[PDB]
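Structure first, then comments.
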Amino acid sequence: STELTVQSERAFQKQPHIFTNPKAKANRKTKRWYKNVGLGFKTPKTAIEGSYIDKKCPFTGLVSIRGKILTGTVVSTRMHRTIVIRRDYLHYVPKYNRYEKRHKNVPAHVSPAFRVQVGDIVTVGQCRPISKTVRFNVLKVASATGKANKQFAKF
Amino acid sequence: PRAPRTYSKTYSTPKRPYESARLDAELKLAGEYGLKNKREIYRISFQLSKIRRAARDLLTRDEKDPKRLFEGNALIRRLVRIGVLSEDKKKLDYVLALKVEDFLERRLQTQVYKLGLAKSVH
Amino acid sequence: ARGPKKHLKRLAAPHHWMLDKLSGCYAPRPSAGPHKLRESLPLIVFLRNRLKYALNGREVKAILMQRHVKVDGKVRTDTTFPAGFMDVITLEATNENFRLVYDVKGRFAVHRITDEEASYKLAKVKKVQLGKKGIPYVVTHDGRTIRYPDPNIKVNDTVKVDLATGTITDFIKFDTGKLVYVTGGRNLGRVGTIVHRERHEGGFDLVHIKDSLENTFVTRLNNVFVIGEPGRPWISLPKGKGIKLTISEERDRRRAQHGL
Amino acid sequence: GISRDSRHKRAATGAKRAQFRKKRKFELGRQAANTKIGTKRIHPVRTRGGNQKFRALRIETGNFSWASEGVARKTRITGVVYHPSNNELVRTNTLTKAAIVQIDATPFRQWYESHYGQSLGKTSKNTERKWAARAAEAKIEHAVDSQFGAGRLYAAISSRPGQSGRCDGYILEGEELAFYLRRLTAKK
RNA sequence: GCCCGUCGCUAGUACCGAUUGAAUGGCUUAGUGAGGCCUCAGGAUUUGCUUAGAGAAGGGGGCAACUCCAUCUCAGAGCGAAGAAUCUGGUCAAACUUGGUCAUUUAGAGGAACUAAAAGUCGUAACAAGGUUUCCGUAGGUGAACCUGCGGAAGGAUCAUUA
RNA sequence: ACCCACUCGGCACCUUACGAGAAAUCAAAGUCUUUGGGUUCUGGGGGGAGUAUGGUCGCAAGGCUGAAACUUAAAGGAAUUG
RNA sequence: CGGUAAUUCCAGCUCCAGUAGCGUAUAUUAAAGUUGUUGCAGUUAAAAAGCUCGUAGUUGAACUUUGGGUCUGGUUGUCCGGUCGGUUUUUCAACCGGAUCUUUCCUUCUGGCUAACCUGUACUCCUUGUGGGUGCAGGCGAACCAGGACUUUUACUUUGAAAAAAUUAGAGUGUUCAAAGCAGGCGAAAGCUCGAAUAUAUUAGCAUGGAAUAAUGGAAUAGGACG
RNA sequence: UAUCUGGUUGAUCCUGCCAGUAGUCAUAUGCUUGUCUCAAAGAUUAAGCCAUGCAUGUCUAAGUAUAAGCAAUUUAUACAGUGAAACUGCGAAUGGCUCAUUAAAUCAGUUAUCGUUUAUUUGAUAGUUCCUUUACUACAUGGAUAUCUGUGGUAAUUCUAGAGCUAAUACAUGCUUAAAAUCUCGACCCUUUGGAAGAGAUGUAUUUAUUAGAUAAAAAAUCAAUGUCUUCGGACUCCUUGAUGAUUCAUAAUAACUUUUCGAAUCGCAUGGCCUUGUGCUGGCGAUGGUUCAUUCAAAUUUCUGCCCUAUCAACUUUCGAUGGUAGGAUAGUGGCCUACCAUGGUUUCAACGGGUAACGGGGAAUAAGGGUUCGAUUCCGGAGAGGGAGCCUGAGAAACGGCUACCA
Ligand SMILES: [Mg+2]
Ligand SMILES: [Mg+2]
Ligand SMILES: [Mg+2]
Ligand SMILES: [Mg+2]
Ligand SMILES: [Mg+2]
Ligand SMILES: [Mg+2]
Ligand SMILES: [Mg+2]
Ligand SMILES: [Mg+2]
Ligand SMILES: [Mg+2]
Ligand SMILES: [Mg+2]
Ligand SMILES: [Mg+2]
Ligand SMILES: [Mg+2]
Ligand SMILES: [Mg+2]
Ligand SMILES: [Mg+2]
Ligand SMILES: [Mg+2]
Ligand SMILES: [Mg+2]
Ligand SMILES: [Mg+2]
Ligand SMILES: [Mg+2]
Ligand SMILES: [Mg+2]
Ligand SMILES: [Mg+2]
Ligand SMILES: [Mg+2]
Ligand SMILES: [Mg+2]
Ligand SMILES: [Mg+2]
Ligand SMILES: [Mg+2]
Ligand SMILES: [Mg+2]
Ligand SMILES: [Mg+2]
Ligand SMILES: [Mg+2]
Ligand SMILES: [Mg+2]
Ligand SMILES: [Mg+2]
Ligand SMILES: [Mg+2]
């Protein structure tokens with residue numbers, strides 16, 4: 002979400018230490034470097050076919066996914082390239098021997114490879130500290146459509 | 002700061018103070034087996050109760066499975082060596098019924114009297 | 002606080018010293034070296050509590066100063082050197098060489114080893130990496146780095162080490178059906194065969210390891226140390242030999258064996 | 002002094018986190034160098050783990066580099082020509098990473114006169142074959158050629174001159190070169 | 001018999017309360033800003049290398065640019081290196097100043113309570129259909145209980161009038 | 001429009017309670033120490049007090065919300081005989 | 001309780017309780033099912049909002065793979081001790097698995113090793129034999145890997161790995177007994193020699209089995225599934 | 001080792017509370033007190049104040065010695081035995097105490113650093129300093145400064161100013177050094193199949209670039225560049241590559257720089273081996289140092305989940321970074337850690353925010369059927385603090401306080 006412009010800051014952003022040789026004359030021009038992420042996660046072609054740079058993407062960046070591979074649905078999407086994943090869970094309380102439905106929203110960076118909307122479930126890997134709160138990175142929008150192509154009643 | 006050398010207030014009072022029949026029954030014990038204090042009795046009663054407490058927490062589990070079998074046997078082994086428990090009874094469920102009177106008759110107090118030597122107990 | 006810690010308080014003393022609760026506020030902090038704090042064994046514990054060649058720390062200190070003590074070829078005068086797992090401690094007066102190996106319980110043991118075999122030290126990996134001048138080099142979890150290893154000495158695979166010279170005698174690969182000694186907490190100092198290696202992406206490689214008695218158990222790879230192929234382990238192990246009996250089984254062997 | 006604490010920053014929600022401990026050394030972040038171009042000077046600093054981490058101060062010169070050829074030289078700087086973070090660093094003329102700058106280009110010529118020897122802006138018998146075998150390899154992207162004639166190429170330094178001490182950078186070529194030129198015409 | 005209130009005395013608990021109250025601390029406007037660190041300079045002093053002329057009694061192995069030696073050694077002067085106080089911006093920011101503000105404390109004239117009571121006045125409200133049945137809600141009034149409207153309830157003084 | 005029998009819906013009585021319940025009584029106030037169908041709410045001796053305060057709501061009356069300090073050995077409930 | 005016999009005040013003798021201790025004060029835990037998850041009350045004793053709506057919450061009907069066989073591993077009681085108070089089978093048992101076959105897939109392949117004979121290429125070392133194996137073209141793959149492909153996701157529960165030590169429970173042991181402690185034990189008493197356990201800690205994460213329970217999900221514009 | 005009694009009544013059964021009852025490595029006190037083992041002990045109130053003394057310093061065969069010190073006697077015609085003093089080294093960031101803060105903070109387990117520093121630790125290791133190559137410091141470069149010699153001050157102080165000498169593992173400079181191979185330069189000949197005499201540069205650190213760091217299998221047609229062997233039809237064949245789940249990783253190259261780091265003008269014991277018979281060239285056992293890689297001790301962050309009371313706190317954060325982004329700046333490093341420009345996010349009744357806490361977290365403690373409650377200042381592990389609040393030097397490690405600077409008290 003934003004989006005599209007590729008090169009549109011005061012600066013002009015390249016994938017650092019990666020080159021698009023002017024002497025050489027390939028069809029792509031831009032050598033789109035990309036990362037195989039591991040942990041059984043497939044590299045989505047929207048990253049490798051696409052345009053955007055992003056430092057903070059796992060695929061098109063130096064961001065290395067590790068550690069806790071959390072999940073949960075997506076509540077908030079409004080900000081630039083990040084998401085807020087709502088990781089619901091229970092909390093056991095022995096003096097009762099029952100459960101609290103607890104909440105914690107997890108802010109998590111989006112590589113624009115994926116299309117993320119509200120009410121979508123999403124696996125998401127811990128990585129470097131991206132930002133203040135965002136220590137996490139969208140890796141797999143599981144509800145890619147979630148009845149998006151199909152509403153639609155009248156035969 | 003070597004380490005706190007642990008201890009126990011080992012021997013612990015009953016939960017009322019004046020059950021008349023207990024006050025007599027404790028006197029009877031301190032008279033028969035010659036005990037200077039109530040303490041000497043509660044000492045045995047607790048020391049015993051600790052065993053009982055094991056036996057209950059073993060008999061809750063199935064004797065055939067491990068701890069029940071092992072700790073129970075070792076608990077019995079311990080008692081038969083100390084000589085409270087009979088050689089007729091080595092069945093754990095018999096440990097449960099051991100009583101304070103059987104413990105006292107095993108003390109060096111009494112085993113003087115039971116082997117003669119002293120005469121008249123005290 | 003404000004940087005690294007210099008003391009080590011006796012209750013915090015890692016349990017497999019079998020350090021005494023009383024008789025000292027402190028424990029000997031194992032100094033910096035090839036083996037991790039808790040996985041090491043400082044020589045004071047070794048020479049005093051274990052072997053009793055010294056009656057106190059003073060005598061250990063002097064014992065190290067006169068200097069027949071030689072941990073892994075070199076001498077040491079350090080009262081708390083990290084003499085960890087596999088570390089060949091040779092006392093030339095008495096000729097009582099000791100390899101450092103775990104008793105089935107977990108606590109280390111005195112193994113009164115030969116002249117003779119106490120001469121190589123088995124050692125793990127760790128790395129495989131390369132350094133400058135493009136030199137490929139291998140590292141042992143159990144301390145040392147050895148240069149120019151055979152290309153197919155891979156990771157979590159053992160290596161026999163010449164020790165006195167410090168090179169490579171030979172190596173044992175890591176794979177299915179290979180005698181493996183254990184160095185992890187609950188399964189610590191058991192021995193077994195290896196059946197599976199659960200790969201696991203990120204969250205630790207597991208290994209399913211049946212003993213002689215064929216009681217299965219699992220550990221992590223890091224806590225596993227390939228002692229050989231089945232039948233012939235490369236090290237002479239203590240009485241018990243990595244079996245780890247049941248509680249009643251140990252009680253049985255004790256109260257059966259009464260030879261006054 | 003100028004610390005890098007997560008302690009301050011109120012919080013993720015707002016909760017003004019109370020000042021737990023007096024800020025520590027390991028959290029620190031020293032005064033910004035913002036090195037100029039006016040008489041070569043450097044001071045070092047004793048950082049974490051000892052480490053002499055040279056702070057450049059009024060740094061003149063830095064080895065700015067080609068792409069097509071793959072070369073760099075003892076190359077003089079002229080001035081801070083455009084800085085895409087903050088224009089404050091343009092007028093004060095404070096050199097910084099990813100700042101577009103102008104390169105004396107005489108060393109880029111003198112060495113180019115050997116490499117190919119075709120000249121940019123507008136002997137010996139066996140060399141003439143090495144001269145002939147080389148050359149007509151790189152034609153160069155127009156702006157760089159005119160800037161070669163200007164004596165003022167457009168680099169974009171990529172050292173961190175408060176960390177490094179060295180002010181070594183990179184000649185702009187191709188797309189990024191074509192981009193930063195549009196911003197230089199926008200700023201001017 | 002029980003008992004309810006007004007009004008009295010004797011103690012104490014809290015309450016409010018003018019105080020332009022007071023304190024302590026926490027935050028906090030504006031102004032100042034100690035001191036270091038970085039930074040712009042600044043150069044007390046210390047010296048190397050320059051062949052820079054000595055007196056020097058072999059100032060390199062026998063009158064002589066010593067068969068001139070790190071030669072006797074200062075006027076050189078040039079070139080450095082290190083380098084104090086001092087000092088131009090920054091920056092961190094104690095603290096003060098003079099306010100503003102939350103929290104907790106704490107004097108406070110006065111008021112208005114509430115509770116214990118030895119036991120006193122004034123009645124005697126309620127409990128018996130308590131001598132106008134009690135109640136509740138809610139208005140008004142009184143010397144106090146209380147009373148009186150309206151509506152309600154019986155915890156009513158009635159589980160009852162048939163055609 | 002009745003009679004009579006049975007039925008879904010409504011409003012209440014009689015007897016035994018073997019079931020509840022402190023009992024009065026209750027076919028629910030039963031299926032609860034043989035303790036668990038689901039859910040919301042309220043109470044924790046009496047007073048002080050539905051007061052003080054602070055909200056908040058009201059034209060106001062007042063409401064909603066709601067204290068402790070202090071005080072006291074009983075306050076009750078139901079029934080038994082007088 | 002105390003107004004001249006006060007068994008409660010105050011003193012002597014008795015006596016009780018505890019005993020080198022016992023009282024007192026404040027907390028606090030128990031008792032308190034007087035805070036209640038287990039486990040309380042609410043017609044009248046305190047307590048059901050005057051009523052209805054109502055978002056969050058919490059809760060929420062039933063329904064999808066059941067049953068039968070066929071072998072095959074154990075594990076204690078039995079049947080004698082077949083034995084030098086212990087051990088090895090059968091006549092038998094229940095109990096817990098495992099493999100399967102039942103309209104039935106347990107995730108599927110691209111290949112490595114195809115262990116094995118479903119074999120039959122020469123047919124026989126050989127009691128009259130289908131007792132027995134030197135043996136290799138088609139080829140049963142579960143005997144393991146090592147890489148894809150893509151997993152409906154949870155809760156739930158399992159055993160596992162981890163949850164520093166002391167503490168806690170607890171095994172061993174003559175600190176004289178214990179409270180404890182990590183000691184100790186036995187020789188010619190010239191040297192040798194056992195130990196220094198085990199368990200717990202269940203909250204979260206990680207591991208693997210299980211698929212009832214509970215939720216969740218899939219093909220109804222089939223843009224569905226396969227080839 | 002699941003336990004109840006007295007109390008409202010004329011008496012009854014309840015609701016109910018009070019009262020008892022037992023225990024507290026739970027405080028206090030009141031009596032009383034013979035012994036044995038063991039043994040907490042200024043936390044609670046004032047994280048209030050502190051006389052005095054002490055609690056951190058350290059030398060070996062082995063860094064620096066004409067103490068006008070001690071030795072003293074059968075190595076010193078530069079030194080060698082002991083050694084005050086001092087510089088250098090290292091240590092003083094450990095331990096110890098305490099609990100004021102502090103309520104998603106700390107802290108516990110759990111991960112992670114592919115996101116970093118790490119003296120020490122024990123493992124590893126640098127022919128390339130030279131810069132034209134017919135006469136050059138290398139068998140050893142320089143002058144300082146201390147302790148000292150005195151010259152002194154002061155009312156005080158672990159205050160030290162001047163001169164004279166005097167060192168170093170202190171501080172500066174600074175030599176050798178090949179062979180090969182690879183990359184930039186080059187007297188011509190002979191019309192192609194084109195091919196070379198010979199000159200310069202190339203350690204390690206540093207900096208940015210740029211390329212390699214590969215890998216799902218077999219077989220072609222021929223268009224531009226046109227190479228090897230031609231047994232002059234044409235053949236072309238044997239053509240390189242670590243680790244992880246995962247990289248812009250390890251590592252290797254091309255290009256350079258750089259107020260050009262490092263590459264021993266260091267030290268104690270041992271006195272061997274060849275004679276080209278010089279005092280020649282040679283060589284043992286050690287010490288420290290020194291480079292990045294390792295490891296250890298650690299270190300900073302950081303993942304997940306988890307706190308006591310309060311709605312008589314329902315909104316809070318966002319001017320003065322709140323949430324995100326792009327870029328820089330800084331840092332050891334990640335980052336709203338800081339700065340610019342931009343977007344308007346972020347949390348919340350699954351209690352945000354606020355307040356309270358006679359709150360340091362955890363391990364644990366007491367109680368003790370089960371479920372629990374309350375306590376944890378306090379022997380271990382974390383975290384904080386050293387009257388407050390700041391700021392910093394040195395150092396691997398300090399925002400140190402038995403360091404310093406300041407302001408308040
Ligand atoms: Mg400390
Ligand atoms: Mg990892
Ligand atoms: Mg200032
Ligand atoms: Mg009337
Ligand atoms: Mg009346
Ligand atoms: Mg009346
Ligand atoms: Mg009350
Ligand atoms: Mg209680
Ligand atoms: Mg109740
Ligand atoms: Mg009522
Ligand atoms: Mg259902
Ligand atoms: Mg115990
Ligand atoms: Mg109970
Ligand atoms: Mg009454
Ligand atoms: Mg009475
Ligand atoms: Mg009580
Ligand atoms: Mg010396
Ligand atoms: Mg590449
Ligand atoms: Mg790299
Ligand atoms: Mg380093
Ligand atoms: Mg950045
Ligand atoms: Mg506190
Ligand atoms: Mg607490
Ligand atoms: Mg604590
Ligand atoms: Mg306190
Ligand atoms: Mg501590
Ligand atoms: Mg103080
Ligand atoms: Mg300080
Ligand atoms: Mg200190
Ligand atoms: Mg101090």
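Residue numbers (PDB author numbering), protein chains in the order written: chain L, 2 to 156; chain J, 2 to 123; chain E, 2 to 261; chain I, 2 to 123, 136 to 201.
Built from N, CA and C at the ideal position, the CB exists for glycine as well.
- Message: Cβ closer than 8 Å: which chain J residues qualify as neighbours of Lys6 of chain E?
- Response: Near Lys6 of chain E there are no residues of chain J at all, since even the closest Cβ is about 16 Å away, more than 8 Å.
- Item | Contact residues within the region 190-221 of chain E, judged by C-beta distance below 8 Å to chain L | For the region 190-221 of chain E, residues whose beta-carbon sits nearer than 8 Å to a beta-carbon of chain L comprise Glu202 and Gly203.
- Message: Does the region 145-152 of chain E come into contact with the region 186-198 of chain E, if we say contact requires no fewer than three beta-carbon pairs (one atom in each stretch) closer than 8 Å?
- Response: Counting Cβ pairs under 8 Å, fewer than three are found: no touch.
- Message: Any beta carbon from chain I within less than 9 Å of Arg129 of chain L's own beta carbon?
- Response: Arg129 of chain L does not count as touching chain I.
- Near-chain E residues of the region 60-74 of chain L (beta-carbon distance less than 8 Å), N- to C-terminal order: Result list: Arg67, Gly68 and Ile70.
- Item | Contacting positions in the region 6-34 of chain E - beta carbon closer than 8 Å to chain J | Residues passing the 8 Å Cβ filter: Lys10, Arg11, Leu12, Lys22, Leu23, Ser24, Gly25 and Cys26.
- Message: Between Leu140 of chain L and chain E, is the shortest Cβ-Cβ distance under 9 Å, so that the two count as touching?
- Response: So, not an interface residue.
- Query: What are the start and end residues of each continuous beta strand (DSSP E) run of 3 or more residues lying completely inside the region 78-102 of chain L, in chain order?
  - Reply: Counting whole runs of 3 or more residues, the region 78-102 of chain L contains the beta strand (DSSP E) stretches 83-87 and 90-93.
- Message: If contacts are defined as beta-carbon pairs under 8 Å, then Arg5 of chain I and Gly30 of chain I qualify, I think. What distance do you get, rounded to the angstrom?
- Response: Their Cβ separation, rounded to whole angstroms, is 5 Å, which keeps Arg5 of chain I and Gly30 of chain I in contact under 8 Å.
- Message: Between I:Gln32, I:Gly15, I:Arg8 and I:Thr14, which has its C-alpha nearest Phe21 of chain I's C-alpha?
- Response: Considering only I:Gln32, I:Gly15, I:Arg8 and I:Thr14, the residue with the shortest C-alpha distance to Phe21 of chain I is I:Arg8.
- Message: Based on DSSP bridge pairs, tell me the residues matched to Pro234 of chain E.
- Response: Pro234 of chain E is bridged to E:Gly229.
- In the structure shown, what three-state DSSP assignment does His69 of chain E receive? In the structure shown, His69 of chain E sits in coil (DSSP, three-state: anything other than H, G, I, E or B).
- Cβ-based contacts, 8 Å cut-off: residues of the region 75-92 of chain I near chain L: So the close ones are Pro85 and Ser86.
- Query: CB-CB under 8 Å to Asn37 of chain L, same chain, minus the five flanking residues each way: which ones, in chain order?
  - Reply: By the criterion of a C-beta distance shorter than 8 Å, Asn37 of chain L is surrounded in its chain by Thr44, once the five residues flanking it on both sides are discounted.
- Query: Is any heavy atom in ligand 2 found nearer than 8 Å to the beta carbon of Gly41 of chain L?
  - Reply: Taking the Cβ of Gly41 of chain L as the reference point, every heavy atom of ligand 2 lies at 8 Å or farther away.
- Query: If you draw a straight line from the C-alpha of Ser121 of chain J to the C-alpha of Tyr95 of chain J, how long is it?
  - Reply: One alpha carbon belongs to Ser121 of chain J, the other to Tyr95 of chain J, and they sit about 32 Å apart.
- Task: Take the Cβ of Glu186 of chain I as the centre, count every other Cβ of all protein chains shown within 10 Å, and call the residue buried at 16 or more, exposed below.
- Result: Burial of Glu186 of chain I is indicated by the presence of at least 16 other C-beta atoms within 10 angstroms of its C-beta.
- Message: My output table needs one value for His110 of chain L: the three-state DSSP class, helix, strand or coil.
- Response: If DSSP states are grouped into helix, strand and coil, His110 of chain L belongs with the strands.
- Task: State yes or no: is the C-beta of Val135 of chain L within less than 9 Å of the C-beta of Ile122 of chain L?
- Result: Not a contact, by the Cβ cut-off of 9 Å.
- At what residues does the beta strand (DSSP E) containing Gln110 of chain J begin and finish? It is not in any beta strand (DSSP E) - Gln110 of chain J instead sits in the alpha helix (DSSP H) that spans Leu109 to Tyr114.
- Since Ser69 of chain I meets chain L, which of its residues come closer than 7 Å, beta carbon to beta carbon? Listed by position along chain L, the residues whose Cβ is nearer than 7 Å to that of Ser69 of chain I are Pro23 and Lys24.
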